[PDB]
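Asks: Please find one structure pasted underneath; my questions will follow.
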Amino acid sequence: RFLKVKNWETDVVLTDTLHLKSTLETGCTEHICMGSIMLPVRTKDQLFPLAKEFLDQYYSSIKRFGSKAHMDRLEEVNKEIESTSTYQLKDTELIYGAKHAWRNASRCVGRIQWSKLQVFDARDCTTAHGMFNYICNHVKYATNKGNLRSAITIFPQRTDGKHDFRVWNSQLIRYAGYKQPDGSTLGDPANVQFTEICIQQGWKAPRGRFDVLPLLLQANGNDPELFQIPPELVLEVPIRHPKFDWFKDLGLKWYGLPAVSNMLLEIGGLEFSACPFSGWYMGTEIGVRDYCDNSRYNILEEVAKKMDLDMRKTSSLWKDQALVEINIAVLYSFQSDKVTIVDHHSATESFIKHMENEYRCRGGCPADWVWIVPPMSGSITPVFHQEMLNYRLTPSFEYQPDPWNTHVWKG
Amino acid sequence: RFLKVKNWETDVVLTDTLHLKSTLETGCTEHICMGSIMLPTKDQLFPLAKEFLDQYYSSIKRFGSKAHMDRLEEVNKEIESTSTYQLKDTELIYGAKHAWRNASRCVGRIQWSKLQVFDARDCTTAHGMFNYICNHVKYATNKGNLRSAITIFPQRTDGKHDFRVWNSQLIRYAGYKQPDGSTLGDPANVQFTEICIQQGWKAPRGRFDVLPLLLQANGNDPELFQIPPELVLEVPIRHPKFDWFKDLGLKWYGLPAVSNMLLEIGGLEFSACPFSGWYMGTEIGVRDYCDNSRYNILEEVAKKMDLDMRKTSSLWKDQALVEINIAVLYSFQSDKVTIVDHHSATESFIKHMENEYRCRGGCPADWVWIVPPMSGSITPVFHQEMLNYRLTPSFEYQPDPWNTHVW
Ligand code: HEM
Ligand code: HEM
Ligand SMILES: Cc1cc(N)nc(C[C@H]2CNC[C@H]2OCCNCc2ccco2)c1
Ligand SMILES: Cc1cc(N)nc(C[C@H]2CNC[C@H]2OCCNCc2ccco2)c1
Ligand SMILES: C[C@H](O)[C@H](O)[C@H]1CNc2nc(N)[nH]c(=O)c2N1
Ligand SMILES: C[C@H](O)[C@H](O)[C@H]1CNc2nc(N)[nH]c(=O)c2N1
Ligand SMILES: [Zn+2]
């Protein structure tokens with residue numbers, strides 16, 4: 001079957017056939033659309049089909065489908081599964097699998113870059129100290145003194161689900177949040193519970209507004225351990241505005257490396273529960289979401305105060321005005337310090353080009369409109385006007401429960 | 001079967017049960033989400049009538065009463081005999097209000113129970129339709145103090161005698177392609193403008209010419225009518241800070257009035273049912289003015305502001321966007337023409353959602369449409385999970401008449 005999507009700005013119509021290779025479920029039915037829902041131990045029986053499907057994709061991609069090498073690899077994996085109940089990926093397969101999980105990530109606007117991903121194979125890791133060393137190396141490599149390079153580090157796969165590797169941090173680099181007795185929050189309100197966990201584990205908290213959190217690392221199902229990333233490895237950007245000289249005195253900064261560390265990478269039915277990955281920022285992630293969400297740094301009022309905007313009625317659009325100025329500041333600051341960043345106009349235009357190329361060469365590009373459209377200035381970006389089809393392909397990145405909710409404490 | 005929605009800003013979780021009363025289909029499957037797609041007999045009619053009358057009698061707390069059983073019988077007899085049926089005034093009013101209540105793409109539904117319903121089921125000609133519509137327009141406008149209204153023309157019969165308003169909205173501006181290759185006025189309306197001309201219209205050929213109504217009664221050929229200009233309330237656009245803003249020569253109309261949809265009530269189809277409310281500022285300032293395929297005014301405005309248009313990262317589009325939208329709101333407010341900003345309308349919609357969850361067990365909502373086209377995440381609806389499903393009575397899209405009609 002064929003499905004069409006239209007761009008309502010250009011009248012360009014694309015035809016999706018790739019959705020036919022979709023296995024996982026969306027959450028939607030013919031009677032309900034769950035498109036705006038945020039969050040909607042394997043046996044041998046379920047594993048060989050998943051392995052076979054993956055290896056068929058891999059071998060097609062290298063133009064060796066049905067070759068002796070393809071057939072021998074199927075037989076070898078087959079035997080490994082029946083005898084050991086799992087299997088190991090070849091290095092080439094791991095790399096392919098990680099690149100494809102990114103390519104298939106329908107909530108990611110940055111996918112034009114998918115084929116340029118440095119993969120660090122950390123499957124020989126055994127301890128939390130080992131994980132710390134791997135993660136420092138990834139941070140240093142990815143940071144590259146401001147010239148950011150995409151990377152992912154992949155720790156050993158799940159076995160019985162009792163021996164999981166996990167990074168407890170939601171991102172490798174984030175700021176602490178501290179709930180005060182008066183109910184106000186110092187730092188990032190998103191990180192309060194995690195900060196509290198770190199403190200209980202023995203972290204000495206400086207208790208400021210931008211304290212970089214320690215890494216909390218779990219190897220082989222053991223209790224997690226704390227490590228401080230060397231500060232010289234944490235690139236940060238002080239935020240200033242090109243025209244407003246008082247902007248610097250708001251005391252804002254942000255880190256340059258966006259690096260998600262709490263997702264699960266599935267490749268050929270194997271589950272990599274610790275697979276931190278990083279790219280570079282789109283400005284709005286910081287300027288809109290991190291700074292201006294009511295439940296995050298919430299700076300809108302203080303900025304608009306300083307700008308002397310009319311704040312007595314929402315219809316003056318003071319919030320919208322202060323919002324644009326903050327986002328100008330973020331982009332100006334990163335550019336001035338030569339730290340890679342992309343604005344939402346550039347990123348969305350590139351995404352449309354990527355999506356069109358994917359339809360031509362791949363037969364489709366699963367995309368989640370709710371996530372792809374930037375959180376300011378939606379309709380003056382081309383993605384707002386682009387119909388998208390959302391479906392799930394593997395290899396993939398998936399959510400998983402927070403480890404403090406499930407971990408069996410050893411003591 | 002029972003579904004949760006969470007607001008990620010406030011942690012408020014609501015439980016939806018209303019979706020189980022859902023009739024029509026979404027376009028989505030377990031394999032594919034089509035959430036961002038814009039447009040995805042006697043035997044058939046009785047279940048539809050019964051479903052509707054049950055909910056009606058339930059609403060007036062008379063479910064299972066003799067009057068309920070008697071009406072279901074009377075409608076059954078009428079369908080068996082005539083192949084259709086007629087709604088009581090009370091049913092028509094209830095049905096229209098509920099089609100609005102059920103409109104998953106509408107942010108303004110807190111207002112759904114204050115809808116003036118004009119019953120135009122006795123209309124027979126296009127001049128009649130014109131009269132009804134002028135009366136609707138004048139009532140709704142109310143000298144700037146806008147009141148929500150719908151006018152309901154006769155229902156479909158055999159489908160060869162359709163009433164239709166060919167216009168997409170009652171009030172829109174003409175669009176003309178130039179020898180130049182550019183577009184004068186609204187590029188969205190070029191095809192409709194040519195159809196008007198093809199049928200005789202005296203196109204003044206300007207940037208903001210109120211289109212004529214093109215009205216089809218009883219399946220006949222449509223006829224042209226100019227709405228009396230004193231009935232079309234328009235607003236000149238100026239900025240509270242920028243004295244140069246007026247020189248762009250921008251104006252818009254005060255009355256948003258969709259006229260091309262189909263109202264379905266109890267299986268009956270009302271193919272001409274123009275309805276109107278009042279604007280949310282972004283519809284004009286973001287969409288009408290700034291879409292590239294619309295008036296597309298960002299470049300001109302940015303130039304007048306003397307912003308750096310060399311690089312996208314100066315956010316010159318975003319700066320101008322905000323100013324254009326401040327101007328729209330300021331102008332309407334200054335001329336006392338009802339308008340709502342996107343902060344206010346979305347805050348109201350959240351309150352409405354909570355009311356609907358509490359009093360009805362849910363509220364179908366299409367996040368893609370509900371979140372405003374600017375400043376998305378600084379409005380509360382951005383952080384609100386929404387379930388989208390189709391309830392009846394409903395408003396539905398229908399084919400443009402010029403493709404269907406035979407002359
Ligand atoms: C190279 C520069 C990149 C840019 C500008 C970018 C952009 C983004 C943005 C803006 C989001 C939404 C984030 C949010 O709102 O929470 C996102 C999501 C995501 N991206 Fe990227 N991305 C990049 C690289 C990467 C890389 C290297 C990977 C993995 C190898 C990746 C995989 C993902 C995934 C799985 C999501 C969904 C996250 C979630 O559900 O929370 N992206 N991307
Ligand atoms: C009273 C003030 C109202 C406000 C502020 C409002 C707000 C809106 C907005 C912003 C849209 C999106 C339109 C677009 O982006 O193209 C919309 C759509 C819609 N509204 Fe309302 N609305 C109001 C009254 C009404 C009334 C009176 C009705 C019917 C009785 C109605 C039914 C609908 C329907 C069916 C849609 C979807 C239209 C489509 O799919 O193109 N609304 N509403
Ligand atoms: C690799 C990468 C690159 C990039 N530009 N942005 C990201 C996303 C990071 C940087 N900004 C927000 C954060 O995402 C956090 C995870 N997504 C939100 C979420 C929270 C719960 C479920 O989904 C990741
Ligand atoms: C009753 C009403 C009130 C209001 N504030 N806004 C509207 C919507 C009007 C005023 N601005 C856009 C237009 O709707 C056009 C129809 N929707 C867009 C569309 C185009 C094709 C399919 O769907 C209607
Ligand atoms: C409820 C809603 O799905 C939720 O707030 C989503 C909307 N779109 C988003 N889009 C991006 N890129 N990131 C997000 O966190 C969200 N949040
Ligand atoms: C393709 C996409 O669905 C399309 O651009 C939609 C997005 N959201 C919208 N939202 C509203 N309110 N009105 C619209 O016309 C649209 N257009
Ligand atoms: Zn869906």
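How things are named: the first chain in the structure tokens is A, the next is B, and so on; residues count from 1 in each chain; ligands count from 1 in the order shown.
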What are the residues of chain A lining chain B at 8 Å or less? Count only C-alpha atoms, and put the answer as a PyMOL selection string.
Replies: chain A and resi 5+9+19+22-38+288-289+292-295+314-317+319-321+324+328+331-332+342-343+345-346+369-370+374-380+387-392
Asks: Using only C-alpha atoms and all ligand atoms, what are the residues with an atom within 7 Å of ligand 3, set out as a list in words?
Replies: residues 38, 39, 258, 259, 260, 277, 278, 279, 280, 281, 282, 285 and 286 of chain A
Asks: Select the residues contacting ligand 2 at a distance of at most 7 Å, based on only C-alpha atoms and all ligand atoms, then format the selection as a tab-separated table (two decimals) with N, CA, C and O atoms, in the first residue's frame.
Replies:
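Writing done, so here's part-v5.tsv:
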```tsv
chain	number	residue	atom	x	y	z
B	96	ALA	N	-26.70	21.59	17.16
B	96	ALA	CA	-25.73	22.60	16.74
B	96	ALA	C	-24.75	22.95	17.87
B	96	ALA	O	-23.53	23.00	17.67
B	97	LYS	N	-25.26	23.16	19.08
B	97	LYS	CA	-24.39	23.47	20.20
B	97	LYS	C	-23.40	22.34	20.44
B	97	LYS	O	-22.24	22.58	20.77
B	100	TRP	N	-20.42	21.97	17.96
B	100	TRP	CA	-19.34	22.89	18.39
B	100	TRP	C	-18.61	22.30	19.60
B	100	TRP	O	-17.39	22.23	19.62
B	103	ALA	N	-16.10	19.73	18.51
B	103	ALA	CA	-15.12	20.10	17.52
B	103	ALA	C	-13.69	20.07	18.08
B	103	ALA	O	-13.23	21.03	18.70
B	105	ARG	N	-10.75	20.45	17.07
B	105	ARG	CA	-9.76	21.40	16.59
B	105	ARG	C	-10.03	22.82	17.05
B	105	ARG	O	-9.28	23.73	16.69
B	106	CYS	N	-11.10	23.03	17.84
B	106	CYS	CA	-11.49	24.38	18.21
B	106	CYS	C	-11.05	24.74	19.62
B	106	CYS	O	-11.53	24.14	20.58
B	107	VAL	N	-10.16	25.73	19.74
B	107	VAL	CA	-9.71	26.19	21.08
B	107	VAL	C	-10.77	27.00	21.85
B	107	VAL	O	-10.65	27.24	23.08
B	108	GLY	N	-11.81	27.46	21.15
B	108	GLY	CA	-12.75	28.39	21.79
B	108	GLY	C	-14.00	27.77	22.38
B	108	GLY	O	-15.01	28.46	22.60
B	109	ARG	N	-13.96	26.48	22.65
B	109	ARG	CA	-15.17	25.77	23.05
B	109	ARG	C	-15.69	26.10	24.45
B	109	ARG	O	-16.82	25.74	24.76
B	111	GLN	N	-16.94	28.50	25.11
B	111	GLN	CA	-18.11	29.29	24.73
B	111	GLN	C	-19.30	28.45	24.17
B	111	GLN	O	-20.33	29.01	23.82
B	112	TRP	N	-19.16	27.13	24.10
B	112	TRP	CA	-20.04	26.32	23.25
B	112	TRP	C	-21.54	26.44	23.54
B	112	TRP	O	-22.36	26.26	22.64
B	115	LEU	N	-24.51	29.98	21.92
B	115	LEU	CA	-24.52	29.95	20.46
B	115	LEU	C	-25.94	30.30	20.09
B	115	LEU	O	-26.86	29.65	20.54
B	148	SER	N	-21.53	34.74	19.08
B	148	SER	CA	-21.42	33.52	18.29
B	148	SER	C	-22.78	33.16	17.71
B	148	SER	O	-23.80	33.32	18.40
B	149	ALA	N	-22.79	32.69	16.46
B	149	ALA	CA	-24.02	32.32	15.75
B	149	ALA	C	-23.79	31.27	14.67
B	149	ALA	O	-22.70	31.13	14.13
B	150	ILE	N	-24.86	30.55	14.35
B	150	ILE	CA	-24.88	29.66	13.20
B	150	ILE	C	-26.24	29.82	12.51
B	150	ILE	O	-27.25	30.04	13.17
B	275	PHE	N	-21.16	29.37	10.32
B	275	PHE	CA	-21.07	29.73	11.75
B	275	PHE	C	-19.95	30.72	12.02
B	275	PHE	O	-19.00	30.79	11.26
B	276	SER	N	-20.05	31.48	13.11
B	276	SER	CA	-19.11	32.53	13.35
B	276	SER	C	-18.89	32.72	14.86
B	276	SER	O	-19.76	32.42	15.65
B	277	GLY	N	-17.70	33.20	15.22
B	277	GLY	CA	-17.42	33.56	16.63
B	277	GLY	C	-16.68	34.88	16.65
B	277	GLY	O	-17.12	35.88	16.09
B	278	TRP	N	-15.50	34.87	17.27
B	278	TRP	CA	-14.59	36.01	17.19
B	278	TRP	C	-13.15	35.49	17.11
B	278	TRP	O	-12.88	34.36	17.48
B	279	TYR	N	-12.25	36.34	16.65
B	279	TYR	CA	-10.89	35.91	16.34
B	279	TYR	C	-10.00	35.71	17.55
B	279	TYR	O	-10.14	36.36	18.58
B	280	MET	N	-9.08	34.77	17.39
B	280	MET	CA	-7.90	34.73	18.26
B	280	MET	C	-6.85	35.45	17.44
B	280	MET	O	-6.77	35.20	16.24
B	283	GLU	N	-4.58	33.97	14.43
B	283	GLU	CA	-5.16	33.53	13.17
B	283	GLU	C	-4.86	34.54	12.06
B	283	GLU	O	-4.52	34.16	10.95
B	340	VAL	N	-9.46	37.78	21.02
B	340	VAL	CA	-8.77	37.16	22.15
B	340	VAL	C	-7.30	36.89	21.79
B	340	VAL	O	-6.98	36.50	20.66
B	345	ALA	N	-6.90	32.63	25.33
B	345	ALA	CA	-7.78	31.60	24.75
B	345	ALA	C	-7.33	30.21	25.19
B	345	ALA	O	-8.17	29.34	25.48
B	369	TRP	N	-3.75	21.29	16.20
B	369	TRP	CA	-4.57	22.46	15.92
B	369	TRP	C	-4.76	23.38	17.12
B	369	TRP	O	-4.87	24.59	16.95
B	395	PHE	N	-19.15	18.87	13.08
B	395	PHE	CA	-18.85	19.55	11.82
B	395	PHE	C	-17.83	18.76	11.03
B	395	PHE	O	-16.80	18.36	11.57
```
Asks: If you run DSSP on this backbone, which residues of segment 219-304 of chain B come out as helix (DSSP H, G or I), and could you give them as an NGL selection string?
Replies: :B and (229-231 or 245-248 or 281-290 or 298-304)
Asks: With distances taken over only C-alpha atoms and all ligand atoms, which of A:385, A:398, A:309, A:114 is nearest to ligand 4?
Replies: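 The closest residue to ligand 4 is A:385.
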Asks: May I have the residues within 12 Å of residue 59 of chain B as a ChimeraX atom specification, using only C-alpha atoms and disregarding those fewer than 6 positions away in the same chain?
Replies: /B:52-53,68,90-91,94-95,98,359-360
Asks: Using only C-alpha atoms, find the one residue out of B:203, B:171, B:391, B:110 that sits nearest to residue 355 of chain B.
Replies: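 Closest to residue 355 of chain B, using only C-alpha atoms: B:110.
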Asks: Rounded to one decimal in Å, what is the spacing between atom 5 (O, counted along the ligand's line) of ligand 6 and atom CA of residue 338 of chain B?
Replies: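 Distance between the two atoms: 26.1 Å.
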Asks: Calculated over only C-alpha atoms and all ligand atoms, which of the candidates A:17, A:405, A:386, A:381 has the smallest distance to ligand 6?
Replies: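 Selected residue with least distance to ligand 6: A:386.
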Asks: Pick the closest to residue 160 of chain A from A:21, A:138, A:209, A:42: which is it, counting only C-alpha atoms?
Replies: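 Of A:21, A:138, A:209, A:42, the one nearest residue 160 of chain A, counting only C-alpha atoms, is A:42.
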Asks: In terms of the shortest atom-to-atom distance over only C-alpha atoms and all ligand atoms, which of A:75, A:290, A:301, A:91 is closest to ligand 5?
Replies: A:290
Asks: Could you check the closest approach to ligand 6 for each of A:83, A:384, A:212, A:4 and tell me which residue wins, using only C-alpha atoms and all ligand atoms?
Replies: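 So, comparing all the options, the nearest one is A:384.
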Asks: Excluding residue 200 of chain B and any residue of its chain fewer than 4 positions from it, enumerate the residues within 12 Å of it, using only C-alpha atoms, and give them as a PyMOL selection string.
Replies: chain B and resi 193-196+212+214+222-225
Asks: Create the file for the chosen residues now, containing N, CA, C and O atoms and written as a PDB file, in the first residue's frame.
Replies:
```pdb
ATOM      1  N   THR B 193     -11.916  33.595  -6.515  1.00  0.00           N
ATOM      2  CA  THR B 193     -12.033  34.898  -7.188  1.00  0.00           C
ATOM      3  C   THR B 193     -12.290  34.784  -8.700  1.00  0.00           C
ATOM      4  O   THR B 193     -13.091  35.554  -9.264  1.00  0.00           O
ATOM      5  N   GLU B 194     -11.617  33.839  -9.352  1.00  0.00           N
ATOM      6  CA  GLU B 194     -11.816  33.623 -10.784  1.00  0.00           C
ATOM      7  C   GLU B 194     -13.209  33.066 -11.062  1.00  0.00           C
ATOM      8  O   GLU B 194     -13.868  33.485 -12.029  1.00  0.00           O
ATOM      9  N   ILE B 195     -13.672  32.159 -10.195  1.00  0.00           N
ATOM     10  CA  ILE B 195     -15.030  31.607 -10.308  1.00  0.00           C
ATOM     11  C   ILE B 195     -16.094  32.709 -10.171  1.00  0.00           C
ATOM     12  O   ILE B 195     -17.039  32.775 -10.974  1.00  0.00           O
ATOM     13  N   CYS B 196     -15.918  33.578  -9.177  1.00  0.00           N
ATOM     14  CA  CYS B 196     -16.730  34.792  -9.043  1.00  0.00           C
ATOM     15  C   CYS B 196     -16.743  35.607 -10.345  1.00  0.00           C
ATOM     16  O   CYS B 196     -17.802  35.954 -10.857  1.00  0.00           O
ATOM     17  N   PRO B 212     -17.681  38.655  -2.974  1.00  0.00           N
ATOM     18  CA  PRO B 212     -19.120  38.528  -3.012  1.00  0.00           C
ATOM     19  C   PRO B 212     -19.494  37.153  -2.500  1.00  0.00           C
ATOM     20  O   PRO B 212     -18.672  36.230  -2.542  1.00  0.00           O
ATOM     21  N   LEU B 214     -21.456  33.716  -2.956  1.00  0.00           N
ATOM     22  CA  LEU B 214     -21.848  32.913  -4.094  1.00  0.00           C
ATOM     23  C   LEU B 214     -22.668  31.802  -3.488  1.00  0.00           C
ATOM     24  O   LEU B 214     -22.121  30.898  -2.862  1.00  0.00           O
ATOM     25  N   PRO B 222     -25.261  28.608  -8.543  1.00  0.00           N
ATOM     26  CA  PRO B 222     -25.098  29.651  -7.518  1.00  0.00           C
ATOM     27  C   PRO B 222     -25.140  31.070  -8.104  1.00  0.00           C
ATOM     28  O   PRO B 222     -24.836  31.267  -9.292  1.00  0.00           O
ATOM     29  N   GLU B 223     -25.518  32.040  -7.266  1.00  0.00           N
ATOM     30  CA  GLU B 223     -25.724  33.434  -7.683  1.00  0.00           C
ATOM     31  C   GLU B 223     -24.872  34.362  -6.827  1.00  0.00           C
ATOM     32  O   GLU B 223     -24.595  34.050  -5.656  1.00  0.00           O
ATOM     33  N   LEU B 224     -24.486  35.509  -7.385  1.00  0.00           N
ATOM     34  CA  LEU B 224     -23.630  36.465  -6.662  1.00  0.00           C
ATOM     35  C   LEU B 224     -24.428  37.507  -5.864  1.00  0.00           C
ATOM     36  O   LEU B 224     -25.511  37.900  -6.273  1.00  0.00           O
ATOM     37  N   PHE B 225     -23.876  37.947  -4.733  1.00  0.00           N
ATOM     38  CA  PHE B 225     -24.455  39.033  -3.922  1.00  0.00           C
ATOM     39  C   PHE B 225     -23.330  39.778  -3.217  1.00  0.00           C
ATOM     40  O   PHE B 225     -22.465  39.141  -2.630  1.00  0.00           O
TER      41      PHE B 225
END
```
Asks: Go through segment 89-241 of chain A and collect every residue that DSSP, computed from the backbone, puts in strand (DSSP E); the answer should be as a ChimeraX atom specification.
Replies: /A:118-121,151-154,166-167,177-179,185-187,215-218,225-227,236-238
Asks: What's the 8 Å shell around segment 270-273 of chain A, counting only C-alpha atoms, without same-chain residues fewer than 2 positions away, as a ChimeraX atom specification?
Replies: /A:86,154-158,164-166,262-268,275
Asks: Using only C-alpha atoms, which protein or nucleic acid residues come within 7 Å of segment 228-238 of chain A? Drop anything in the same chain fewer than 6 positions from it, and give the result as JSON, numbers by chain.
Replies: {"A": [136, 139, 140, 214, 215, 252, 253, 254, 255, 256, 333, 334]}
Asks: Got a sec: who's within 6 Å of segment 138-140 of chain B, counting only C-alpha atoms, leaving out chain neighbours fewer than 4 positions off, as a list in words?
Replies: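 Those residues are residues 146, 147 and 231 of chain B.
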